[PDB]
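**Q** Position in the sequence shown (from 1) plus 455 gives the number in the UniProt record's numbering.
Right, I'll just put the structure down here and ask away after.
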Amino acid sequence: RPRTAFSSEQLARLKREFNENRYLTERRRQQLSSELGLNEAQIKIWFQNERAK
Numbered sequence: 456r457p458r459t460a461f462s463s464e465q466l467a468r469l470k471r472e473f474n475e476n477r478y479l480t481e482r483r484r485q486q487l488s489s490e491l492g493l494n495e496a497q498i499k500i501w502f503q504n505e506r507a508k
């Protein structure tokens, strides 16, 4: 788990989600994983990094 390249659609969804709520519950992480085709760890990390910036 170093660097997964998100498609433009994946990133658009994550950015909108982050704008609504910067903190990710496991239940929402599950939904995002399932609706984006990204494993949960990748999503969790993206959220963490997004907050850090």
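Virtual Cβ for every residue (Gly too), placed ideally from N, Cα, C.
1. The alpha helix (DSSP H) spanning residue 463 covers which residue range?
2. Within 10 angstroms of the Cβ of residue 486, are there 16 or more other Cβ atoms? Answer buried if so, exposed if not.
3. Would you say residue 491 reaches chain C, if we count a Cβ-Cβ gap shorter than 8 angstroms as a contact?
4. May I ask you to report which of helix, strand or coil DSSP gives residue 458?
5. Can you tell me the Cβ-Cβ gap for residue 500 and residue 484, rounded? I've got them flagged as a contact below 8 angstroms.
**A** Judging by the given coordinates:
1. 463-475
2. exposed
3. Note that chain C does not occur in the displayed structure, where there is just one protein chain.
4. coil
5. The pair is not a contact, with the Cβ atoms about 11 angstroms apart (cut-off 8 angstroms).
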